[PDB]
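my_file_15.txt follows; it contains compact mmCIF, C-alpha atoms (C1' of nucleotides).
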# COMPACT_ATOMS: atom_id res chain seq x y z
CA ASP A 1 73.68 -24.50 -11.89
CA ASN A 2 75.99 -27.00 -13.59
CA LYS A 3 77.57 -27.32 -10.15
CA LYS A 4 79.48 -30.33 -8.68
CA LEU A 5 79.56 -30.28 -4.87
CA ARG A 6 81.52 -31.63 -1.92
CA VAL A 7 80.12 -31.25 1.60
CA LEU A 8 82.44 -29.25 3.88
CA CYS A 9 80.28 -29.11 7.04
CA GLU A 10 76.67 -29.17 8.22
CA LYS A 11 75.00 -27.88 11.37
CA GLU A 12 71.63 -28.51 12.97
CA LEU A 13 70.44 -25.04 13.93
CA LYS A 14 70.05 -24.55 17.68
CA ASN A 15 68.25 -21.74 19.53
CA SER A 16 71.27 -19.41 19.65
CA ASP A 17 72.06 -19.98 15.96
CA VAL A 18 68.77 -18.32 14.94
CA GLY A 19 68.69 -16.00 17.95
CA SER A 20 69.20 -12.28 18.33
CA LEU A 21 72.99 -12.65 18.55
CA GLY A 22 73.19 -13.04 14.78
CA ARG A 23 75.93 -15.69 14.63
CA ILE A 24 75.99 -19.38 13.69
CA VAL A 25 78.26 -21.94 15.34
CA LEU A 26 79.93 -24.51 13.11
CA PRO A 27 81.19 -27.98 14.09
CA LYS A 28 84.81 -27.58 15.14
CA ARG A 29 86.02 -30.82 13.54
CA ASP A 30 84.67 -30.28 10.04
CA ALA A 31 85.29 -26.54 10.21
CA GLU A 32 88.97 -27.16 10.93
CA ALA A 33 89.32 -29.95 8.37
CA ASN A 34 87.39 -28.58 5.37
CA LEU A 35 86.82 -24.82 5.93
CA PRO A 36 89.71 -22.44 5.15
CA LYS A 37 92.42 -22.47 7.77
CA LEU A 38 92.16 -19.60 10.24
CA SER A 39 95.43 -18.24 11.63
CA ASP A 40 93.98 -15.24 13.44
CA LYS A 41 91.21 -14.23 15.81
CA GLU A 42 90.43 -11.45 13.34
CA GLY A 43 89.14 -14.22 11.08
CA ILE A 44 88.42 -13.88 7.38
CA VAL A 45 85.48 -12.76 5.26
CA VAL A 46 83.87 -15.53 3.25
CA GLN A 47 81.01 -15.51 0.78
CA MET A 48 78.86 -18.51 -0.11
CA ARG A 49 76.23 -18.74 -2.88
CA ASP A 50 72.94 -20.55 -2.64
CA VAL A 51 72.95 -23.86 -4.24
CA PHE A 52 69.50 -23.37 -5.60
CA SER A 53 69.91 -19.78 -6.62
CA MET A 54 72.11 -17.01 -7.72
CA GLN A 55 71.83 -15.40 -4.35
CA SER A 56 75.15 -14.95 -2.71
CA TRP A 57 75.81 -14.20 0.95
CA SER A 58 78.77 -12.65 2.75
CA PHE A 59 79.68 -13.65 6.30
CA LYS A 60 82.66 -13.35 8.62
CA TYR A 61 84.26 -16.71 9.41
CA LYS A 62 86.19 -16.41 12.67
CA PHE A 63 87.00 -18.36 15.82
CA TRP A 64 86.86 -17.71 19.54
CA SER A 65 89.37 -19.01 22.05
CA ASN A 66 87.93 -21.75 24.25
CA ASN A 67 89.90 -23.72 26.86
CA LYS A 68 93.24 -24.34 25.06
CA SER A 69 91.52 -24.85 21.69
CA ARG A 70 88.86 -22.98 19.70
CA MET A 71 85.17 -22.52 18.92
CA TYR A 72 84.33 -21.73 15.31
CA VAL A 73 81.62 -19.22 14.42
CA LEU A 74 80.05 -17.59 11.36
CA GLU A 75 79.11 -14.01 12.32
CA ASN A 76 76.50 -11.63 10.87
CA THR A 77 73.84 -14.29 10.24
CA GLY A 78 70.86 -12.22 11.35
CA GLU A 79 69.32 -11.29 8.03
CA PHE A 80 70.28 -14.68 6.60
CA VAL A 81 68.07 -16.47 9.13
CA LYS A 82 65.38 -13.79 9.07
CA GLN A 83 65.14 -13.68 5.28
CA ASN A 84 65.20 -17.43 4.83
CA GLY A 85 62.90 -17.94 7.82
CA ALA A 86 65.17 -20.54 9.39
CA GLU A 87 63.79 -22.07 12.59
CA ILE A 88 65.28 -24.37 15.22
CA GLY A 89 66.19 -27.71 13.72
CA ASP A 90 66.70 -26.44 10.20
CA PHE A 91 69.92 -27.41 8.48
CA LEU A 92 72.73 -25.19 7.28
CA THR A 93 74.87 -27.20 4.87
CA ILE A 94 78.03 -25.77 3.33
CA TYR A 95 79.45 -27.18 0.06
CA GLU A 96 82.48 -26.58 -2.17
CA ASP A 97 83.10 -26.15 -5.89
CA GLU A 98 85.49 -28.80 -7.22
CA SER A 99 87.84 -26.84 -9.54
CA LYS A 100 87.65 -23.74 -7.59
CA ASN A 101 87.07 -23.50 -3.89
CA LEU A 102 84.05 -21.31 -4.29
CA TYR A 103 81.88 -21.77 -1.32
CA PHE A 104 78.43 -22.79 -2.35
CA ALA A 105 76.74 -23.09 0.83
CA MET A 106 72.93 -23.12 1.27
CA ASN A 107 70.22 -23.90 3.83
CA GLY A 108 66.63 -24.92 3.29
CA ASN A 109 67.26 -28.33 4.85
CA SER A 110 68.22 -30.00 1.67
CA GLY A 111 70.30 -32.87 3.05
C1' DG B 1 72.13 4.26 33.95
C1' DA B 2 70.22 1.05 30.28
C1' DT B 3 70.90 -1.71 26.32
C1' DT B 4 73.33 -4.07 22.75
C1' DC B 5 78.03 -6.10 20.89
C1' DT B 6 81.70 -9.06 21.28
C1' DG B 7 84.55 -12.21 22.71
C1' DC B 8 85.47 -15.52 26.38
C1' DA B 9 84.16 -18.56 30.24
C1' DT B 10 80.84 -22.30 32.30
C1' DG B 11 78.76 -26.36 32.41
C1' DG B 12 76.11 -30.62 30.69
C1' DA B 13 76.65 -34.42 27.49
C1' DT B 14 79.56 -37.23 24.90
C1' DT B 15 83.60 -39.17 23.07
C1' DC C 1 88.90 -40.91 35.57
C1' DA C 2 90.09 -36.84 32.31
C1' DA C 3 89.34 -34.35 27.53
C1' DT C 4 86.49 -32.57 24.17
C1' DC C 5 82.51 -30.22 21.89
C1' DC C 6 79.38 -26.98 21.94
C1' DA C 7 74.89 -24.36 23.76
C1' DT C 8 74.60 -20.75 26.41
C1' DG C 9 75.79 -17.65 30.24
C1' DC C 10 78.08 -13.59 31.05
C1' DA C 11 81.89 -9.64 31.93
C1' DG C 12 83.65 -5.80 29.86
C1' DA C 13 83.24 -2.36 25.50
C1' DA C 14 80.65 0.12 22.84
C1' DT C 15 76.34 2.75 21.83

As structure tokens, how would this structure be written, given the file I've shared?
Amino acid sequence: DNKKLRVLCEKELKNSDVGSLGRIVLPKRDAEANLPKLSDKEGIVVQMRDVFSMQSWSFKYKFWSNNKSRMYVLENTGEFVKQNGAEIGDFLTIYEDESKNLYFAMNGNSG
DNA sequence: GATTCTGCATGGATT
DNA sequence: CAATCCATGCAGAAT
């Protein structure tokens, strides 16, 4: 917890983000600019640690095809929301470690 | 059949 | 006017 952080993206949780589908949508602009570059629909597996804790979480960061561009999504978020009790309007903020791109990325509104 | 997963399409609101 | 973003609907696989 001697961490130095840079914000990569932030999302206001909507109904489907905390819904039964178990996936979280991320803003396309910031996801493309700051999140690792995705060159396949298969996506990648990313893990992000809580800023306030030593709890680490593993998600699948992938994209869907939409129109001629993309929609970015973070799959397998069911237990994350359930465990953290995230409701509509809560904030999921994703950060970055400065020397290493280790994805600290926690909710709990924060800011 | 009925139900859930998964990836894409639709459609309102905004850039 | 047309393009973009994204919440959600929804068709086809999988269970």

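Between atom CA of residue 1 of chain A and atom CA of residue 23 of chain A the separation is 28.0 Å.
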
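Remark: residues at most 10 Å from position (79.9, -13.8, 33.0) in file coordinates are residues 8, 9 and 10 of chain B; 9, 10, 11 and 12 of chain C, using all atoms listed in the file.
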
With chain A as the partner and 12 Å as the cut-off, tabulate the residues of chain C that qualify, each row holding the nearest pair of atoms and their distance in Å to one decimal, using all atoms listed in the file, sorted by chain and rising number, as JSON lines.
{"residue": "C:3", "atom": "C1'", "partner": "A:67", "partner_atom": "CA", "distance": 10.7}
{"residue": "C:4", "atom": "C1'", "partner": "A:69", "partner_atom": "CA", "distance": 9.5}
{"residue": "C:5", "atom": "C1'", "partner": "A:28", "partner_atom": "CA", "distance": 7.6}
{"residue": "C:6", "atom": "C1'", "partner": "A:71", "partner_atom": "CA", "distance": 7.9}
{"residue": "C:7", "atom": "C1'", "partner": "A:16", "partner_atom": "CA", "distance": 7.4}
{"residue": "C:8", "atom": "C1'", "partner": "A:16", "partner_atom": "CA", "distance": 7.7}
{"residue": "C:9", "atom": "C1'", "partner": "A:16", "partner_atom": "CA", "distance": 11.6}

Counting only C-alpha atoms (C1' of nucleotides), a student should be able to say which residues of chain A come within 9 Å of chain B; what is the right answer, written as a list in words?
residues 21, 64, 65, 66 and 67 of chain A

Atoms to include: C-alpha atoms. Write the selected residues as a short mmCIF file (atom, residue, chain, number, x, y, z; two decimals), in the frame of the given file.
data_model
loop_
_atom_site.label_atom_id
_atom_site.label_comp_id
_atom_site.auth_asym_id
_atom_site.auth_seq_id
_atom_site.Cartn_x
_atom_site.Cartn_y
_atom_site.Cartn_z
CA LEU A 21 72.99 -12.65 18.55
CA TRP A 64 86.86 -17.71 19.54
CA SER A 65 89.37 -19.01 22.05
CA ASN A 66 87.93 -21.75 24.25
CA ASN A 67 89.90 -23.72 26.86
#

Point (63.0, -25.4, 17.8), cut-off 10 Å, counting all atoms listed in the file, residues as a CSV table (one decimal) with C-alpha atoms, keeping the file's coordinate frame:
chain,number,residue,atom,x,y,z
A,13,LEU,CA,70.4,-25.0,13.9
A,14,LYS,CA,70.0,-24.6,17.7
A,15,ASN,CA,68.2,-21.7,19.5
A,18,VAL,CA,68.8,-18.3,14.9
A,86,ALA,CA,65.2,-20.5,9.4
A,87,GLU,CA,63.8,-22.1,12.6
A,88,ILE,CA,65.3,-24.4,15.2
A,89,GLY,CA,66.2,-27.7,13.7
A,90,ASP,CA,66.7,-26.4,10.2

Correct to one decimal, the distance atom CA of residue 98 of chain A-atom CA of residue 33 of chain A is 16.1 Å

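Our summary of the geometry notes that atom CA of residue 24 of chain A is positioned 9.1 Å from atom CA of residue 78 of chain A.
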